[PDB]
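For reference, the structure is listed below as structure tokens.
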Amino acid sequence: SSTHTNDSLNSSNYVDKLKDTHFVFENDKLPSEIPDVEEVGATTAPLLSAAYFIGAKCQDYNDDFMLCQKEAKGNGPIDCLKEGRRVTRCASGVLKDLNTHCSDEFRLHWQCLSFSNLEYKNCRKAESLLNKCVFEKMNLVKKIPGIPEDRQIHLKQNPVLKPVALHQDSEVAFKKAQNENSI
Amino acid sequence: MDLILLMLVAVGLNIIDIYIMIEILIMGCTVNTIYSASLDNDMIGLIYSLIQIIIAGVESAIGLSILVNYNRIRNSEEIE
Amino acid sequence: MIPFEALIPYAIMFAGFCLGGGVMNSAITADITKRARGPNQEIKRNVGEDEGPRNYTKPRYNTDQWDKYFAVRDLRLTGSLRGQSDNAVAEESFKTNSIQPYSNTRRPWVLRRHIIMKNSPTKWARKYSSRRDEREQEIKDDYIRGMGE
Amino acid sequence: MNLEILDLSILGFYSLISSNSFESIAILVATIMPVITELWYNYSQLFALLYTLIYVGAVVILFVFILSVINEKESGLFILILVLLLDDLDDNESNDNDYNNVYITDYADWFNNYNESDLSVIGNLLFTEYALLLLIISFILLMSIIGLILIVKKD
Amino acid sequence: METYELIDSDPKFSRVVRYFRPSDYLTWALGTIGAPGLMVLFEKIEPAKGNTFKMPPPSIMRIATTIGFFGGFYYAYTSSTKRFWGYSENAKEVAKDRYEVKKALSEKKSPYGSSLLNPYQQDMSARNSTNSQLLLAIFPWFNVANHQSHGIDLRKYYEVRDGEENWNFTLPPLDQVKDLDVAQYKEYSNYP
Amino acid sequence: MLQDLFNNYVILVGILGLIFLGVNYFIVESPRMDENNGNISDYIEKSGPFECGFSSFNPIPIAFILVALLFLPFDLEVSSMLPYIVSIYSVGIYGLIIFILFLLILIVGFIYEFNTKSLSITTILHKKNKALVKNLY
Amino acid sequence: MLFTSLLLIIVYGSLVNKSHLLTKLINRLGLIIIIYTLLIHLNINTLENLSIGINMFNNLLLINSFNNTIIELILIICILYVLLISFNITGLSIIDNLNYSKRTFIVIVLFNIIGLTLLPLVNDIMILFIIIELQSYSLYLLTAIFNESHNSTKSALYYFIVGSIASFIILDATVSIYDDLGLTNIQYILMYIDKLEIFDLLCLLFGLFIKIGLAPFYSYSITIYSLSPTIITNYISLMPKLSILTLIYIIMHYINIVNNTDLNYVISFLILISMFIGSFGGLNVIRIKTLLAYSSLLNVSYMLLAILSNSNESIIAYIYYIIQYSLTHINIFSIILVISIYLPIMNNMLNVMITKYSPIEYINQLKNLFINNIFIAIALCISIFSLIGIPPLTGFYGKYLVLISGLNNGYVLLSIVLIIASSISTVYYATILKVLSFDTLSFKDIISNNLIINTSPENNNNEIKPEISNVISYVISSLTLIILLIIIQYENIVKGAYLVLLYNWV
Ligand SMILES: CCCCCCCCCCCCCCCCCC(=O)OC[C@H](COP(=O)(O)OCCN)OC(=O)CCCCCCCCCCCCCCCCC
Ligand SMILES: CCCCCCCCCCCC(=O)OC[C@H](COP(=O)(O)OCC[N+](C)(C)C)OC(=O)CCCCCCCCCCC
């Protein structure tokens, strides 16, 4: 979906010329009445790599943050500001953990995503190492709700759709674990 | 300016030129609908526009068929 | 008896596809990677001595609306539409650089300048009849007429 | 320099002076192209391509098809430029000044994790919600096939 | 205003056929043989060409039977539908309907049947086929889907009327009936 | 999705059009240089039709007309299949049955124009044969 | 039942061999289909239940007791029209074989009945545009069904262009409405009936006014009706007004919620102007169909006053008038299709060219019908006397009921003009009666054997040979006595119209 909108960046600078788009900044920070939070600094690829571990660790707060939006009855942004900081702090907690426990396993995976069009199907060898590491050092697991355990896609031993080109760092790191761990 | 009916000067002197003006006139209606639908982020307006383009095509085909048979009706000696 | 003289044009047409593809794959990948190295030109060009092996970023395809929100979000963090960063805490400049584009909502030029497309029973009333606009102007006036209460 | 104005001024100049049917069919193509191009940028890329596929590819080449069948037979520079200039002065289609001078934005949100093209939604509603509109259309198309043959076929 | 009990605001197509009275089959038969007869009656009224009676060619009589075969069924279908809506005599169908539903709730199956259609598709399907028999003289449209917007309250199938307790059917609370809206949104509030 | 790379391509192709026209106008030798007998305008012999050498001076079949006319209804049928393509999964069986019905009604038109043989050119004017019958007295 | 049988007729007609007997027999298959449609419609649809109004097909179509009245009327008038093409209107093979030369005639008519019956029910601007095209496209095809005719094709070309502009105005009003509100369903628009530009609904009416031939747009309708074959003019000059006037009445029902006076003044300007042209126009005419085209415009002007007033008595005035005017229109055209057998034959001056498409074309071709057939002359006299408004025929009660609705709402100026315009129009209805009878006593004993009817072969010379076919005669007689003897059951009929509701209730 690459539809033009009035809410973000469009396809070309010729769209901007027709719309006479002004990219407007607002220097004003938030008022002191709202206690500050440390915003998450991860980019697209690290978030998609750690998305299922944020789901495993912040599940209660994410559900509660959304349930505040459902029951705010249209005043969601203003009446869920405190519950929206727990989620930001919880997610920052996970990315800080992966940087201090599985820095190389994490970086290898989201370098693969940045190498393969941000698709999970192309990075199973790196992803399997990261999941195995996270389990032993943080107990988090990746689970896809709504299906039996035996039929999750990322555990599929012989997938139908496989990457066209291999990630060298993934294949090298994988076979090393075939010696370090598969004793 | 158009209140003096300027668009009558802009339409040619053949029956086929009238047919084109009808299409250019309807084209303005569809462009107006696409404009509103995209601003409102409403796909119902885009359903309307899709219907207008399809219905405006059927109108052209019937009109040309009448015009075509109108033309051959004069050239209908065919006694060779 | 394979004629090699006949297959010479094909080996040149094979090179035609390879020439275009080889350039596009490498040039676009290099440009995307270089701009994803840092927020200034003295960082993008040079490679540090203590920096490790370079991890190129391949061009992205088949995107959706989340990739337009992710791209601007990455821009506000690194200065590139496809930057890389996995810091658990963002810079303090992240909270004062949100880009919200403001654009007009006027009808297309063709809808309001074509010698034929602009003529219509209702488009004249929008353009030459005050009936609609005087009625709506009442609601705008009564906004400021109700601040006294 | 919104050059889309200059394309229509040329177009508006030749619409006042066209004589034969060759130029009349040219005004059609010279009008869709600004319509398509101004839809490709700005508003809707999906309906710019639908217009090319359906208007140019289907209904425009039918005009030139029958013009070769029908026939091919057979003002003053001051008045034209005077008319075009007079036509050029007042180009405000609407008289809500604030609506035409004040800009607006929208706020995006991440609640829509199932992002799919507009043509996905249009098909989603046309084949479910308004399946009567879709079915009548195939009925209008059906009548045309019968309608064309009864009008034109000789015997 | 002849009003009766509303059995089903959008009766299902398979139900409407299974509820034909013998008289409804007679109307379907009469419509089937009426259209070929009407062609003959016109010829008796007035010969198509000439001045004397001439039986129409057999090919016309075969297409005439087909046209009257649908018309007879459509008349039969609409008459059977009025009973469901309550516009006609429906006491006989009410007991027959109640026997099936009370049996259905008893087996913990849905009265309306299981459906391939998701929640939006079920509700959308109901909108198209509800009250669609009013224009069944113009173009056909039938409720062939197991949706749940039938314009009834399933509570009314719990109380026992005359001559029903002898059925000795046990009805569980609706919360435990498979494939009902009151028994699906248990995990998430937007997924069944 | 960015399209500033696409825009430069369209602009370059637009520039490539002016180059193709004018490169001929700047590389051809001057008419005086070759033979001087005239420009394309005055040399009406060179600026004329080709009729294989001999100078000479459209009542097309109705079947050709119906081919073009029937193209338009069958095109709008094909172009209205586009919404179903990108939504085949999410409309499920319901939208699939509607799509098939949308095709059946149009097929009844295909049957109608197949039985009448509307597209056949036919030969009503010629190809006649007769029986020689003697008329003895 | 209509749609399903249409497909069977489409396929079957393209299989069997091209012949007149098979074409006439297929026309009798459609006469069954329309009859079957009425039996299924009346079975499920009832006045008592459709009173509230019922949404159908995702609220796209809304049906109530006012719309339901016209669907049954449309089906009835479509039966009386198909009787013409399905049986003999004269019995002379030369004149009649025109009705059987086209196999798609009945198919296109069945296409239109689907278009006509769905138009009053529309409840969405998206389906309003689609349905109005389905009806509009069917009329152009029927106008050009006789593709060999030069005048018929010239009329369809004129019809297509005017209707295309008419449809564009209709399409543009809906787009403008969608621009203001973003809603397509008519019921959702009613929530903003006070917040939208009510003149954009008037731009919608200006498109529907073109399609009913209302002045200043009346010019094309008069030209079209005076060029098409009399069998074609009998259909295209009545049916569109049946389904469009019902739609106009509903749109005006919603409009009068905000009771904008400026809207009423413009429509009164068009109604007033149309009465003038509808009356003074027909004074100087020679063609009968041009005369009935001006007659049609005047009656549409009367029916708009009932629509414009739009009260509880306006439903009664419109519902009664639209029924009686259809039967009168069918009766008059059926007679004109029959009395062509009494035309003389030459054995000269003024070189009047007659064709098989309009054998009766001039008013003075009705001459001496009092002599050639007295019984049918009175039937034409009674029908014309109804149009004049002589009581106690059906025509008087139409004008009397319209006047009640008009004056009860303060339309004094229009009520007086319609009574002036009625008397002015009586001049050219009286000319038809002058031609029918006034020269009877000079021509009473004349030696006439050159009539067209005298070229009919003699069958036996012993058996009685009726001059007119059976079915057409029974229709003319039935509708002539219904016109004449409405006084007997008028009270029941009018009380049967009090019940037709359009959200009156209580
Ligand atoms: C890539 C460029 C393609 C276009 C190259 C031609 C450019 C020349 C300018 C014409 C196009 C401007 C658009 C308005 C249409 C005007 C057409 C017209 O009036 O005739 C132009 C052409 C030359 O005749 P001219 O001397 O100008 O007029 C008097 C002749 N009796 O009369 C002729 O018919 C001669 C053959 C011209 C055929 C052109 C077909 C119509 C144009 C379609 C292609 C361009 C689409 C429009 C794009 C621009 C839109 C503003
Ligand atoms: C339950 C009551 C049903 C009554 C019958 C209805 C169907 C009529 C067919 C009868 C048989 C037939 O057509 O017989 C034939 C007769 C006589 O024809 P003829 O003019 O002498 O032709 C010459 C006959 N030769 C060949 C012997 C010389 O036709 C009629 O008299 C037709 C009467 C008109 C139809 C009445 C219908 C009234 C509709 C009212 C609702 C609005």
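Read-outs: derived from the displayed coordinates by stated rules, not from any lab. Using ideal geometry, Cβ is built from the backbone for each residue, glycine included, and neighbour counts are taken over all protein chains shown.
Going through the stretch E:20-43 one residue at a time, which ones are out of contact with any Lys or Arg (no Cβ under 9 Å at 6 or more places or on another chain), within 13 Å of residue G:36 (Cα to Cα), within 16 Å of ligand 2 (Cβ to nearest atom) and among the aliphatic types (A, V, I, L, M)?
E:30, E:35
Write out, first by first residue and then by second, each pair whose Cβ atoms fall under 6 Å of each other, whose residues are 6+ apart or on separate chains, and whose first residue, in the stretch G:66-91, is on the phi < 0 side of the Ramachandran plot while the second is of a type in the set (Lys, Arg).
As it stands, the answer is G:86/G:28, since those pairs meet every condition given.
Does residue E:17 fit the bill of being within 16 Å of ligand 2 (Cβ to nearest atom) and either within 12 Å of the chain's Cα centre (by Cα) or surrounded by fewer than 17 Cβ atoms within 10 Å (Cβ to Cβ) (or both)?
In short, no.
Looking only at the stretch E:53-77, which residues are within 10 Å of chain G (Cβ to nearest Cβ) and within 16 Å of ligand 2 (Cβ to nearest atom)?
E:54, E:56, listed by residue number.
Could you give every pair whose Cβ atoms fall below 9 Å, whose first residue belongs to the stretch F:2-29 and is of a type in the set (A, V, I, L, M, F, W, C), and whose second residue is outside any loop (DSSP other than H, G, I, E, B) and surrounded by 10 or more Cβ atoms within 10 Å (Cβ to Cβ), counting only separations of at least 6 or pairs across chains?
Cβ pairs passing all conditions: F:2/C:71; F:5/C:28.
Tell me yes or no: at least one residue of the stretch D:90-102 is assigned to a loop (DSSP other than H, G, I, E, B), surrounded by fewer than 17 Cβ atoms within 10 Å (Cβ to Cβ) and among the hydroxyl-bearing types (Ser, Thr, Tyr).
yes
Tally time: how many residues in the stretch G:133-150 are under 12 Å from residue G:232 (Cα atoms), more than 8 Å from every other protein chain (Cβ to nearest Cβ) and assigned to a helix (DSSP H, G or I)?
Counting residues in the stretch G:133-150 that are under 12 Å from residue G:232 (Cα atoms), more than 8 Å from every other protein chain (Cβ to nearest Cβ) and assigned to a helix (DSSP H, G or I) gives 3.
With the checklist (1) within 14 Å of chain C (Cβ to nearest Cβ); (2) under 20 Å from the mean Cα position of the chain (by Cα); (3) outside any helix (DSSP H, G or I) in hand, flag the one item residue G:195 doesn't pass.
Answer for residue G:195: the failing condition is (2).
So which helices (runs of 4 or more DSSP H) are wholly in the stretch A:82-183 and hold at least 3 residues that are under 30 Å from residue C:94 (Cβ atoms) and more than 14 Å from every other protein chain (Cβ to nearest Cβ)?
A:124-138
Take the stretch G:1-37 and flag every residue that is among the charged types (D, E, K, R) and more than 7 Å from every other protein chain (Cβ to nearest Cβ).
Hit for the stretch G:1-37 is G:18, nothing else.
Considering only residues that are more than 16 Å from residue E:12 (Cβ to Cβ) and among the aromatic types (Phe, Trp, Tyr), which ones fall in the stretch E:102-160?
E:120, E:139, E:157, E:158
Can you name every one of the helices (runs of 4 or more DSSP H) wholly within the stretch D:1-68 that holds 1 or more residues which are acidic (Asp, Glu) and either touching a helix residue (DSSP H, G or I) at 6+ places or on another chain (Cβ under 7 Å) or crowded, with 17+ Cβ neighbours inside 10 Å (or both)?
D:4-15, D:21-38
Would you point out which residue out of A:97, A:64 is under 28 Å from residue A:122 (Cβ atoms) and not hydroxyl-bearing (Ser, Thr, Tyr)?
Criteria check complete, one pass: A:97.
Can you pull out the residues in the stretch D:1-54 that are within 14 Å of ligand 1 (Cβ to nearest atom), at the interface with another protein chain (Cβ under 9 Å from one of its Cβ atoms) and among the aliphatic types (A, V, I, L, M)?
D:5, D:8, D:11, D:16, D:25, D:27, D:28, D:32, D:35
Return a yes/no flag: does the stretch G:433-450 have any residue that is within 20 Å of the chain's Cα centre (by Cα), farther than 30 Å from residue E:49 by Cβ and not aliphatic (A, V, I, L, M).
No - not one qualifying residue is present in the stretch G:433-450.
Anything in the stretch A:30-53 that is of a type outside the set (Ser, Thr, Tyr) and under 24 Å from residue C:81 (Cα atoms)? List them, or say none.
Those that are of a type outside the set (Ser, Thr, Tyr) and under 24 Å from residue C:81 (Cα atoms): A:38, A:39, A:40, A:41, A:42, A:45, A:46, A:47, A:48, A:50, A:51.
Hey, any hits in the stretch D:38-58 for a residue that's more than 27 Å from residue D:91 (Cβ to Cβ) and among the β-branched types (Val, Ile, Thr)?
Checked against the condition, which is being more than 27 Å from residue D:91 (Cβ to Cβ) and among the β-branched types (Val, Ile, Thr), the stretch D:38-58 yields at least one hit.
Can you give me the ranges of the helices (runs of 4 or more DSSP H) entirely in the stretch G:38-132 with at least 3 residues that are more than 11 Å from every other protein chain (Cβ to nearest Cβ) and touching a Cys at 6+ places or on another chain (Cβ under 8 Å)?
Qualifying helices (runs of 4 or more DSSP H): none found.
Can you tell me how many residues in the stretch B:1-26 are in a loop (DSSP other than H, G, I, E, B) and over 17 Å from residue D:26 (Cα atoms)?
2
Considering only residues that are facing another protein chain (nearest Cβ under 7 Å) and not small (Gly, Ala, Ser), which ones fall in the stretch B:34-51?
Selection gives B:34, B:35, B:39, B:40, B:42, B:43, B:44, B:46, B:47, B:48, B:50, B:51.
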